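**Student:**
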Amino acid sequence: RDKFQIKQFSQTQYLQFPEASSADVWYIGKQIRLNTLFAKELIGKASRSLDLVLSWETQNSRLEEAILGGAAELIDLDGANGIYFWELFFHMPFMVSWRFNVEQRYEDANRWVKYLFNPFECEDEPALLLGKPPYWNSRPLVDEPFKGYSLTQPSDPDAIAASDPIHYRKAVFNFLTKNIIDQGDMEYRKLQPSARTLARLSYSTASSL
Amino acid sequence: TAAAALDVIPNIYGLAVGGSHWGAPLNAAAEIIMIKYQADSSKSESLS
Amino acid sequence: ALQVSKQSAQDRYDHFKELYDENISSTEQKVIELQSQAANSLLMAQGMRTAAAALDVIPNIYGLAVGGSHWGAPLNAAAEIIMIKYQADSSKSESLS
Amino acid sequence: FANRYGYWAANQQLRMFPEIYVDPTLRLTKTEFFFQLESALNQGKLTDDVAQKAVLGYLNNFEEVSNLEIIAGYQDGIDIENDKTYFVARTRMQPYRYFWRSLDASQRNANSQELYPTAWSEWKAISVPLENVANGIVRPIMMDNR
Amino acid sequence: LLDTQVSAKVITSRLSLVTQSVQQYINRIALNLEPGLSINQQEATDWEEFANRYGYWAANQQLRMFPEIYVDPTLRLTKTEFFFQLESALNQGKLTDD
Amino acid sequence: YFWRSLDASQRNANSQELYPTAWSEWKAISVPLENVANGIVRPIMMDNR
Amino acid sequence: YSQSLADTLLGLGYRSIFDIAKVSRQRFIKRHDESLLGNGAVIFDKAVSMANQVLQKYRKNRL
Amino acid sequence: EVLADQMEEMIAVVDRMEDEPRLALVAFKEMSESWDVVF
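Residue numbers (PDB author numbering), protein chains in the order written: chain A, 2523 to 2731; chain B, 2976 to 3023; chain C, 2927 to 3023; chain D, 2099 to 2244; chain E, 2050 to 2147; chain F, 2196 to 2244; chain G, 45 to 107; chain H, 2294 to 2332.
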């Protein structure tokens, strides 16, 4: 028999990890994270508006780590909890826009797609938001990726559809470029000439993308 | 009001006193909340 | 007679813009809304469990005799919570029909 | 090669263009919460207002999940390394909800990497109507992968 | 800003071509940031008022300038705790003065 | 039981007071209360919750 | 001090405060030195209000 | 908890909040005859 310090832990609740040279294959250190304080950062901002939640400046809010001997200078997309950021910062924004695109609500679908991407603005309020993304407004479309390694041996499109953000964001562009044309044809069909020809003001923006 | 009258005061007094039915109001709220649906989904039959 | 016959086709045609457009009105929208409003069937039952638990975790009476905890109350309540799902989903099927 | 033309070319192009494969109709494991967006959007003809009621109806629920507290974890009897290591957790605001989940400590890269992003599961709720406990002590255990 | 090499059979007013040139330009400067100009966040909000055009533009004034067009019982109602209790009795398909 | 509120900032300065729109309308309370300390129920504000 | 603005703001820069109905804030902020900008960041909270202050003085007359 | 002797007594429930929202704990207008509570 034997025993190990897989144990209760101080105020940030993360549990003790039993070995610095790891309990497993590689030397990951005697450190782990579990819970998050994110709700205490969100409750205010989200009760003020949805439009503040779908701000890149809100997404960069701070947490704390000093009890394990580090610092959590922003909300980190860590795999034990990270999905709940993605679910909130992408999927809820997406399904509304998907329904509205179909149901003749094209400019309302645009008002939701404008939380992901903005090929119409160059003059936002934060100098860091003007600088860094710059066009993309949910940070997991740009924030720190790596490899895709440990799903390679059974590799499939079910793996590769989320290896990296670049092809995922180019798919947002493919949905957006359709949405202009899907409205343009509704001006050309069944109307009269000076309204039908107004569709060329849509085809001339689609052909600019 | 029946659930409240079965709660705010005891059922019995003596060597033993009590009988206030603790869960009665919250147990009643679910029935009040349920009743809305049978009416609105038959107002939909009226307006259909 | 050919000039007369034109109206047999023309009157059969030119009405139908009142049916290939304006195909919905505000009353037949409420015919959906009062079906789909059953989205609160996540909430319609939940005060059951807490009431049953409050009738169990502590006694009804104290004295020479103490007790009154209603043993079966939570498991008796679970069947009602489980039942409620069906009336909502089989009327979401009327909304989507 | 069971059926042939167009079906064969799709063997490559359904991997080689990810934008063909991306749709909201994912392999969803998140069934405990993702249904609670759709059941508000479950309407035949709708307007721009309805989405805000649907969104906030999810966002009320979301914060309770983010506040879940871990109570205990089952090590593999006496073994260590590459364990599934089941954990049990509950809501703090009332002791009403209990859940379990797990992780894949074998799923990694060797080149100074750690557990891979997919190597962690998602919470499942517990169905059995418990009402009395020894002061929050509920114990999970593994019975040859039951 | 001119439709060269096309439209050999079409007829329209000169005002439409004049309009179309500026109409395209005020789209084009918001469509891309060459030449090197920029648009303030108010101006970049307010292309909402030329997204779709004829009749929609004139309504920007006349839907304020004639209040009788805007007045209907379909108000922004906050009184939902009681105003529904009038309608649920009037919720009938064919009815009488009683 | 019900709650409501008012907008004490919404006014005109020229010897006017609170403007006609500057007052809200009653919302009912949903939670099934049955016992109280003799009518003493207390509302409070938690950073605009 | 205020007349030091009204000498040259009204001398050349703008004909009147009513012509500030042209602007957007970044357009207006760009043009001004420290002797304006250090005593000017409050202006559009009341001057754009001026730019809709004449509004009904020629329509309240509907009788 | 009411950290003073003999509950059942009418003592109201009150607050006079001023700093730190996560420490917005309640207050009571009496205990026994005059004295305060360590709460």
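Where is the CB? At the ideal position from N, CA and C, for every residue including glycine.
Mind checking which residues open and close the beta strand (DSSP E) that includes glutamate 2167/D?
**Tutor:** Working through the fourth sequence from its first residue, we reach residue 2167/D at position 69. Looking at the DSSP string, the run of the beta strand (DSSP E) that includes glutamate 2167/D is 2167-2172.
**Student:** Residues of the segment 2111-2142 of chain E in Cβ contact with chain A at a cutoff of 8 Å, in chain order, please.
**Tutor:** Listed in sequence order: no entries.
**Student:** How should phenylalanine 2668/A be labelled, buried or exposed, when 16 other C-beta atoms within 10 angstroms of its C-beta is the threshold for buried?
**Tutor:** Indexing the first sequence from 1 puts residue 2668/A at position 146. With fewer than 16 Cβ atoms within 10 Å of its Cβ, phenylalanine 2668/A is classed as exposed.
**Student:** Is the CB of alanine 2223/F under 9 Å away from at least one CB in chain E?
**Tutor:** Residue 2223/F sits at position 28 when you count from the first residue of the sixth sequence. Closer than 9 Å: yes.
**Student:** Note the first and the last residue of the continuous alpha helix (DSSP H) segment covering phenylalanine 2131/D.
**Tutor:** By 1-based counting over the fourth sequence, the position of residue 2131/D is 33. First-last of the alpha helix (DSSP H) with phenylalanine 2131/D: 2129-2139.
**Student:** Could you tell me whether any Cβ in chain D is nearer than 9 Å to the Cβ of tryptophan 2658/A?
**Tutor:** Position 136 of the first sequence holds residue 2658/A. With 9 Å as the cut-off, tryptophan 2658/A does not count as an interface residue toward chain D.
**Student:** Decide if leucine 54/G is buried, meaning its Cβ has at least 16 other Cβ atoms within 10 Å, or exposed.
**Tutor:** The residue you call residue 54/G lines up with position 10 of the seventh sequence. Looking at its Cβ environment, which holds fewer than 16 other Cβ atoms inside 10 Å, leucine 54/G is exposed.
**Student:** What does a CB cutoff of less than 7 Å around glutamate 2595/A pick up in its chain, not counting 5 residues either side in sequence?
**Tutor:** In the first sequence, the residue the question calls residue 2595/A occupies position 73. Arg2584, listed in sequence order.
**Student:** Could you check if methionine 2970/C is buried or exposed, using at least 16 other CB atoms within 10 Å of its CB as the buried criterion?
**Tutor:** One-based indexing of the third sequence puts residue 2970/C at position 44. Burial call: buried.
**Student:** Mind pulling the chain F residues with CB within less than 7 Å of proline 3000/B?
**Tutor:** Residue 3000/B sits at position 25 when you count from the first residue of the second sequence. Those are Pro2227 and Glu2229, listed as they occur along chain F.
**Student:** Looking at C-alpha atoms only, which residue of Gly2973/C, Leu2960/C and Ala2991/C is the closest neighbour of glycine 2142/D?
**Tutor:** The sequence position of residue 2142/D within the fourth sequence is 44, counting from 1. For the residues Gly2973/C, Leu2960/C and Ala2991/C, the minimum Cα distance to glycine 2142/D belongs to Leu2960/C.
**Student:** Does the Cβ-Cβ distance between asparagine 3002/C and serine 2995/C come in under 9 Å?
**Tutor:** Translated into positions along the third sequence, residue 3002/C becomes position 76. Translated into positions along the third sequence, residue 2995/C becomes position 69. Going by C-beta atoms, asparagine 3002/C is not nearer than 9 Å to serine 2995/C.
**Student:** Is there a Cβ from chain E that is less than 9 Å from the Cβ of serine 3021/B?
**Tutor:** Indexing the second sequence from 1 puts residue 3021/B at position 46. True, the Cβ-Cβ gap to chain E drops below 9 Å.
**Student:** From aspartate 2982/B to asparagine 2230/F, what does the alpha carbon distance come to, in whole angstroms?
**Tutor:** For the purposes of this step, residue 2982/B is identified with residue 7 of the second sequence, where counting begins at 1. For the purposes of this step, residue 2230/F is identified with residue 35 of the sixth sequence, where counting begins at 1. Their Cα atoms are separated by approximately 8 Å.
**Student:** Looking at C-alpha atoms only, which residue of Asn2101/D, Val2120/D, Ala2108/D and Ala2100/D is the closest neighbour of residue 2732/A?
**Tutor:** Since the first residue shown for chain A is 2523 and the last is 2731, residue 2732/A is missing from the structure and cannot be characterised.
**Student:** Just to confirm before moving on: does the CB-CB distance between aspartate 2202/F and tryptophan 2221/F stay below 9 Å?
**Tutor:** In the sixth sequence, the residue the question calls residue 2202/F occupies position 7. In the sixth sequence, the residue the question calls residue 2221/F occupies position 26. Going by C-beta atoms, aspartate 2202/F is not nearer than 9 Å to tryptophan 2221/F.
**Student:** Between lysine 3018/B and chain E, is there a C-beta pair that is closer than 9 Å?
**Tutor:** Position 43 of the second sequence, counting from 1, holds the residue named residue 3018/B. True, the Cβ-Cβ gap to chain E drops below 9 Å.
**Student:** Any C-beta of chain C sitting closer than 9 Å to the C-beta of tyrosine 3012/B?
**Tutor:** Your numbering for residue 3012/B matches position 37 in the second sequence. Yes, its Cβ sits closer than 9 Å to a Cβ of chain C.
**Student:** Please go through the same chain and pick out, in chain order, the residues whose beta-carbon is closer than 7 Å to the beta-carbon of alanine 65/G, but skip the five residues on each side of it.
**Tutor:** Counting from one through the seventh sequence, the residue named residue 65/G turns up at place 21. Excluding residues within five positions, the ones whose Cβ falls inside 7 Å are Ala95.
**Student:** Return the residues of the segment 2963-2979 of chain C that lie within a Cβ-Cβ distance of less than 8 Å from chain D, sorted by chain order.
**Tutor:** Within the segment 2963-2979 of chain C, the residues whose Cβ lies closer than 8 Å to some Cβ of chain D are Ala2965, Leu2968, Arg2975, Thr2976, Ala2978 and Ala2979, listed in chain order.
**Student:** Just to make sure I have the definition right: I need the residues of chain E whose C-beta is within less than 7 Å of the C-beta of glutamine 70/G. Which are they?
**Tutor:** If you number the seventh sequence from 1, residue 70/G lands on position 26. What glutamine 70/G touches in chain E: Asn2089.
**Student:** Can you list the residues of chain B that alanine 3004/C reaches, using a CB-CB cut of under 9 Å?
**Tutor:** Translated into the one-based positions of the third sequence, residue 3004/C becomes position 78. Within 9 Å Cβ-Cβ: nothing; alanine 3004/C doesn't reach chain B, min ~13 Å.
**Student:** Run down chain C in chain order and give the residues with a C-beta less than 8 Å from the C-beta of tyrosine 2156/D.
**Tutor:** In the fourth sequence, counting from the first residue as 1, residue 2156/D sits at position 58. Residues of chain C passing the Cβ test: none, with the nearest at roughly 11 Å.
**Student:** Is the shortest distance between the beta-carbon of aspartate 2678/A and the beta-carbons of chain D less than 9 Å?
**Tutor:** Here residue 2678/A refers to the residue found at position 156 of the first sequence. Closer than 9 Å: yes.
**Student:** Where do the ends of the beta strand (DSSP E) carrying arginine 2523/A lie?
**Tutor:** Your numbering for residue 2523/A matches position 1 in the first sequence. First-last for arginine 2523/A: undefined, no H or E at that position.
**Student:** In whole angstroms, what separates the C-alpha of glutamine 2205/D from that of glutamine 2535/A?
**Tutor:** The residue given as residue 2205/D occupies position 107 in the fourth sequence. The residue given as residue 2535/A occupies position 13 in the first sequence. Using only the alpha carbons, I get a separation of about 24 Å.
**Student:** Against chain G, with Cβ distances strictly below 9 Å, would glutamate 2098/E count as a contact?
**Tutor:** Against the fifth sequence, residue 2098/E aligns to sequence position 49. Judged by the 9 Å Cβ criterion, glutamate 2098/E is not in contact with chain G.
**Student:** For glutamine 2205/D, return the contacting residues in chain A, with the cut-off set at a CB-CB distance below 9 Å.
**Tutor:** Within the fourth sequence, the letter at position 107 stands for residue 2205/D. Near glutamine 2205/D (Cβ distances below 9 Å), the residues of chain A are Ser2672 and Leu2673.
**Student:** For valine 2575/A, does the count of other Cβ atoms within 10 angstroms reach 16, so buried, or fall short, so exposed?
**Tutor:** Stepping through the first sequence from its first residue, residue 2575/A is reached at position 53. Buried is the call here.
**Student:** So what's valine 2307/H in DSSP terms, helix, strand or just coil?
**Tutor:** Taking the first residue of the eighth sequence as position 1, residue 2307/H is located at position 14. Three-state result, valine 2307/H: strand.
**Student:** I'd like to know if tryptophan 2218/D contacts chain A, where contact means its C-beta is closer than 9 Å to some C-beta of that chain.
**Tutor:** Mapped onto the fourth sequence, residue 2218/D falls at position 120. Yes, contact with chain A.
**Student:** Check whether chain A comes within 9 Å of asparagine 2209/F, counting only Cβ atoms and requiring the distance to be less than that.
**Tutor:** Along the sixth sequence, one-based indexing puts residue 2209/F at 14. So, not an interface residue.
**Student:** For the segment 2538-2572 of chain A, which residues have a CB atom closer than 9 Å to at least one CB atom of chain F, in sequence order?
**Tutor:** Residues passing the 9 Å Cβ filter: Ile2565, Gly2566, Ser2569 and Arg2570.
**Student:** In whole angstroms, what is the alpha-carbon distance linking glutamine 3013/C and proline 3000/C?
**Tutor:** Locating residue 3013/C in the third sequence gives position 87, counting from the first residue. Locating residue 3000/C in the third sequence gives position 74, counting from the first residue. The alpha-carbon atoms of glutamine 3013/C and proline 3000/C are separated by roughly 22 Å.
**Student:** Beta carbon of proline 2641/A, beta carbon of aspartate 2665/A: below 9 Å?
**Tutor:** Looking up residue 2641/A in the first sequence gives position 119. Looking up residue 2665/A in the first sequence gives position 143. It is not a contact, given that the beta carbons lie outside the stated cut-off.
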